[PDB]
Amino acid sequence: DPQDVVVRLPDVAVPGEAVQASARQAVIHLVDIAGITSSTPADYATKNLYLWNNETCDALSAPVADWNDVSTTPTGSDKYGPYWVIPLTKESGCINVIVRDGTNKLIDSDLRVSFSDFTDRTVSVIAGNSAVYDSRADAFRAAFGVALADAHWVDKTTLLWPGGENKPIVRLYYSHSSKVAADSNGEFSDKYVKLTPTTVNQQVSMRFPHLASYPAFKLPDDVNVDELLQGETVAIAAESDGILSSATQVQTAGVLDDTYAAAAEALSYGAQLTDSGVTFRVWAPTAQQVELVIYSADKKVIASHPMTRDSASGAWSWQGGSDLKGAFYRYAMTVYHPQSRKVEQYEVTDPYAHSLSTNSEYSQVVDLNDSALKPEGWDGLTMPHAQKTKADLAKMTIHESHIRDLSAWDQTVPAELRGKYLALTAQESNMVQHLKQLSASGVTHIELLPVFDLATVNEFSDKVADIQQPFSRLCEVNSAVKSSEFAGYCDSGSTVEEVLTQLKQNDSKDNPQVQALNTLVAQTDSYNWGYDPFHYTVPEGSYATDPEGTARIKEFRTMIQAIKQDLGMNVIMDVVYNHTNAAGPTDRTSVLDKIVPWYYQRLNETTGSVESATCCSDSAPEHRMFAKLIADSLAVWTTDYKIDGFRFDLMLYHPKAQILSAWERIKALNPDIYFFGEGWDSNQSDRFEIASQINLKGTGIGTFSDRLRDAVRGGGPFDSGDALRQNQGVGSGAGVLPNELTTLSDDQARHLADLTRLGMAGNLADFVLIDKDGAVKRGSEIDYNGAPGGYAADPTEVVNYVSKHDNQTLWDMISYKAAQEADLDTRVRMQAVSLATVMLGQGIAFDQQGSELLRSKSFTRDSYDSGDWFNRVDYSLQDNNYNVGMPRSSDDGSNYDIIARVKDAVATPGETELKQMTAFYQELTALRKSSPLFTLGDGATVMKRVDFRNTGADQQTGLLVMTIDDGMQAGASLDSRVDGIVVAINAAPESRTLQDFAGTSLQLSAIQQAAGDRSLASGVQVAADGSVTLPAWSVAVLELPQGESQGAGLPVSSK
Ligand SMILES: OC[C@H]1O[C@@H]2O[C@H]3[C@H](O)[C@@H](O)[C@@H](O[C@H]4[C@H](O)[C@@H](O)[C@@H](O[C@H]5[C@H](O)[C@@H](O)[C@@H](O[C@H]6[C@H](O)[C@@H](O)[C@@H](O[C@H]7[C@H](O)[C@@H](O)[C@@H](O[C@H]1[C@H](O)[C@H]2O)O[C@@H]7CO)O[C@@H]6CO)O[C@@H]5CO)O[C@@H]4CO)O[C@@H]3CO
Ligand SMILES: [Ca+2]
Ligand SMILES: [Ca+2]
Ligand SMILES: [Ca+2]
Ligand SMILES: [Ca+2]
Ligand SMILES: [Ca+2]
């Protein structure tokens, strides 16, 4: 346009340095951006430095501590600003400086100038900017150049940007093929669109609430968005004379959704077998070109096809022959990536990949419906356990397992199947037989730690060494071991497992050598929890016997079939849609962010950096096409892999709407699929309504409850040191069997009991009980570290547990917390008493694999990368993996002292204790399914039938007495055999007597009577008058036998 003012840099050269520091000197330039615009011949007399030596930075020579002293004025100055020559006592380390005008700080940040980072000790700064630049040119380019990314192109016509506020010139510059930069004439002569102030519309403010306060700008309706989005876009603002005020990069996810999502959601993606051949489709609305590259089995390029761009959706597609089934392929992208500001060229695997080559290097065309990829009978495989009604869901009893934890140690599993999906088919193995036994006794679901394609195990077996293989192999694959204090074992002739056993003998908090060797092992072994997504909709390859191609698909299904058909359990998958393993245009495992840069990752609103609050590269399920990827992914696991439910990792990083949307999609496929998740720390409520415990009330989406968990275990996940011992739980004798360090009061102990009773009744917001003080409280009125304790509408919305893959095992918590006088048999009963609160409760029951075997990780808190050694589960029942070396020092080193003090209080569990615990455990699961009363499903029904005795300020501490009504006041008789049930958990060292049921015909459950001396209720006495005497550390289930019709039962009181 003729009459538009040209935007340009200031009409002054890029500055050089004023002075360079000499020996025992540092130099600070203050680049006077304001006066570089000239006009006024400036005056730096009042500029001064505040300089002081502390213990972090002490290289100043004669610093002036007096803050009111303003006599450290500039050594000199030129048209670019003043500078200071600062004497030093050395040339190493750093100095502390505050840059002032009088006593006013020009930079609101204690500046740290480190000589390691700036070797010439000559740096530059600008007012209002905490960054330290190595040159005035650098600082100058920062103030008059592209920086940050706080502009947000959020729909077709709306750009949100702070930098544009009340500026005369606001424009969106764009360059197809290069970086927007000032030309040789200092001008920005790239094409642009003009922006005029406007008002944040109502649709945008709902979509982006965290941006609703941004100053809004309008683009004219004529704009050709497709052309701008194919390259770099930079928001630019300038004064009336045209001099640049600021320039920043533009986040485009919002406008991409506004432009393309409606059309793009109507399409299907990936390599899709059709009637006529194969249709390939990938979503890449900013890519300049996409080529489909076809590879031979040997990974030679055998064809390369420019794809067809759909202008309405921004998807690219290509249609080829059906002989491409089984072919390997990648997408060759030409695409601008804002992180590098380069038009990148790279090949990327398919985000909708359903088959992979070894280590996920190539995607592969697959038809998951092929009978060649199914075990025989697959299509008729049925759910062994119903999930239809709320009473169906409440029977869910989950065993959370890991592929290697199941079989890596089991010598009765054929060696080639250890650590593999197919180990579940070894019908005669100890592990499978043990699982069958647990299933027969009432474990109903296996929950699998990540079995989608994880990034953090190398699927090339030549690159991996495991502890069961020779130490020499570990040295071959891990070059760090040569330089390690274990180098002498390379020639030892023994395995790594043998060496680790040998290091046990003199392992201590002073010589943590077991952990030392294991940390090296962990870098190149086959072990990881796998919360590190590479491809969301392909099985992990390292768990297959053959990771090359489609083989893993059939082995995975053969496992799923064996679990459902031979073991009798439903299957839940852990899924991790809240982050990707990596982002950016360079990293091997960046898939999504290479194809559509800055759309699938959640970004910082100012810098454009990929956030890392999840751990890693946070994803954006609030963006429509990632929501679709998630839903499409779950559809494949649901239909093609026959998964019965899904557990979302860090689910509160997801919008409630997206989770509910996803759930409605899957329910249309299979109505009985169960969704649940875990979340505690989402700071994302400013961007959308998060999918949290509170916000999910009533929705039927389940959440892990940390309430009963913390109350029974004691303490919380962030405890360390002595707090691990002091913070006893209900299961470890809080307020009834104190250890030597604790100060738990009786009131504190009773508060834990309130949380536990509340959890056993399903942790409902509206459930009514008598609290620690004898006061009537709603579940939501019980405090939980500030939050409302009860939060659910129905007990199916709550998953109770006392042990999980993350944080310490239950046994290691009891070992930390148990009094010295609690002997080994008592600690085994503490374990069972702890699990009884879960198994006999109204919430869905969840437990870590191996709790029935007193599982220990040698006090490891976070064992995601601690290998076969610390995660071992011995299905030969020799020991519980306790006391096998100090845990990893990087995460548990500040616990070494309390560990050494508590560790050897009693003997390590052996075969006798393991069998007893398993009996206890199967007793509990059998009781859970012995009556519909345990699993009412419905919150209103729980509220009508479940009550508690032994409550209030004078309760007998540690005695939990729950009643479940099946008499006339409750409604119908849900159980033909009983008019009521009493659950009594005596988590205490004293025997206790109940008179609450005196004269009432109460009797002990037949299951526990049949267990005899082996029962958790061994020694329970029911007297003639109906008084019940409970042994120490006991669990008793009692019942009122039903007569010819529904009796009076155990009516809830109207409190
Ligand atoms: O002085 C010991 C001090 O050492 C270190 O502080 C550094 C600090 O990192 C630098 O920023 C700078 O401090 C400057 C301030 O930057 C400057 O603004 C001004 O501070 C004023 C404050 O804004 C104002 O609130 C008030 O300060 C009070 C304060 O409210 C009181 O609580 C008390 O301060 C004490 C601190 O609480 C205490 O932590 C310690 O401070 C350390 C600090 O840990 C460390 O980072 O001691 C002080 C008291 O000795 O009293 C002050 C008022 O006396 O008023 C001041 C205006 O004077 O000035 C300070 C420096 O004077 O440099 C210091 C090192 O000198
Ligand atoms: Ca320099
Ligand atoms: Ca993998
Ligand atoms: Ca590892
Ligand atoms: Ca944030
Ligand atoms: Ca009944």
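Going by the deposited numbering, the residue at position 274 of the sequence shown is 302; the numbering climbs one at a time, nothing skipped. The beta carbon of each residue, even a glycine, is placed where N, CA and C say it ideally should be.
CB of residue i within 9 Å of CB of residue j, strictly
i	j	result
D932	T888	no
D420	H413	yes
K592	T410	yes
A54	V127	no
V527	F488	no
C85	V151	no
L961	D907	no
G814	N791	no
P43	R149	no
residue 1085	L37	The question about residue 1085 has no answer, for the chain in this structure spans 29 to 1083.
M858	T953	no
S958	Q1070	no
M361	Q317	yes
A655	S689	yes
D660	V603	no
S273	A265	yes
Neighbourhood of residue i by C-beta, 7 Å cutoff - its chain only, sequence neighbours within 5 removed
i	result
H382	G298, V394, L396, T565, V566, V664
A93	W80
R358	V321, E375, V376, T377, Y390, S391
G612	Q367, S618, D621
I810	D782, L783, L786, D799, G817, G818
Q541	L531, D535
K418	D822, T824, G965, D966
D60	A70, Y108, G109
Close-in-space but distant-in-sequence residues of the same chain around residue i (CB under 6 Å, 5 per side omitted)
i	result
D553	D494, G895
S233	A240
Three-state secondary structure (DSSP) of residue i
i	result
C122	strand
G612	coil
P766	coil
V394	coil
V492	coil
residue 1095	Outside the shown range of the chain (29 to 1083) lies residue 1095, about which nothing can therefore be said.
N598	strand
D672	coil
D801	coil
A419	helix
Chain-order list of residues whose beta-carbon lies under 8 Å from that of residue i (same chain, five-residue window excluded)
i	result
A781	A739, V758, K800, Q983, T985, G986, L988
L595	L452, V460, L463, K464, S467, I474
residue 1092	Since the first residue of the chain shown is 29 and the last is 1083, residue 1092 is not available in this structure.
Check: residue i C-beta below 8 Å from any heavy atom of ligand 7
i	result
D481	Ligand 7 is not part of this structure, which contains only ligand 1, ligand 2, ligand 3, ligand 4, ligand 5 and ligand 6.
Original post:
Can you find at least 3 beta carbon pairs, one from the region 487 to 502 and one from the region 889 to 909, that sit closer than 8 Å?
Top reply: yes
**OP:** Let me know the beta strand (DSSP E) ranges lying completely inside the region 320 to 380, each 3 residues or longer, listed in chain order.
**Re:** 329 to 334, 343 to 348, 356 to 365, 370 to 376
Original post:
Touching or not, the region 182 to 200 and the region 300 to 308, by the rule of three or more beta carbon pairs under 8 Å?
Top reply: no
Subject >> Secondary structure, beta strand (DSSP E): runs of 3+ residues fully inside the region 848 to 905 >> reply: 872 to 876
**OP:** Just list the beta strand (DSSP E) runs in the region 699 to 763, keeping only unbroken ones of 3 residues or longer that don't cross its boundaries, in chain order.
**Re:** 702 to 705, 730 to 732
Original post:
Between the region 674 to 691 and the region 320 to 335, do at least 3 Cβ pairs fall closer than 8 Å?
Top reply: no
**OP:** Give a yes or no on contact between the region 875 to 889 and the region 902 to 918, applying the rule of three or more CB pairs nearer than 8 Å.
**Re:** yes
Original post:
So does the region 843 to 863 actually touch the region 755 to 774, counting three or more Cβ pairs closer than 8 Å?
Top reply: yes
**OP:** For the region 238 to 303, list the alpha helix (DSSP H) runs that are entirely contained and at least 4 residues long, ordered along the chain.
**Re:** 253 to 257, 281 to 284, 290 to 293
Original post:
Do the region 346 to 357 and the region 281 to 298 make contact, defined as three or more Cβ pairs closer than 8 Å?
Top reply: no
Subject >> contact_flag[the region 822 to 832, the region 1026 to 1042] where n(CB pairs < 8 Å) is 3 or more >> reply: no
Subject >> 3-residue-minimum beta strand (DSSP E) runs that sit fully inside the region 152 to 209, ordered along the chain >> reply: 179 to 183, 186 to 188, 197 to 203
Original post:
Taking only runs of the beta strand (DSSP E) that begin and end inside the region 457 to 505, which ones reach a length of at least 3 residues, in chain order?
Top reply: 473 to 476, 480 to 482
Subject >> Length at least 4, wholly inside the region 942 to 1017: the alpha helix (DSSP H) runs in chain order >> reply: 967 to 973
Original post:
Would the region 514 to 529 and the region 475 to 487 be scored as touching if the rule is three or more Cβ pairs under 8 Å?
Top reply: no
**OP:** Could I get the ranges of all uninterrupted beta strand (DSSP E) runs contained in the region 29 to 86, with 3 residues as the minimum, in chain order?
**Re:** 53 to 58, 75 to 80
Subject >> Contact between the region 268 to 280 and the region 217 to 229 (3+ Cβ pairs under 8 Å) >> reply: no
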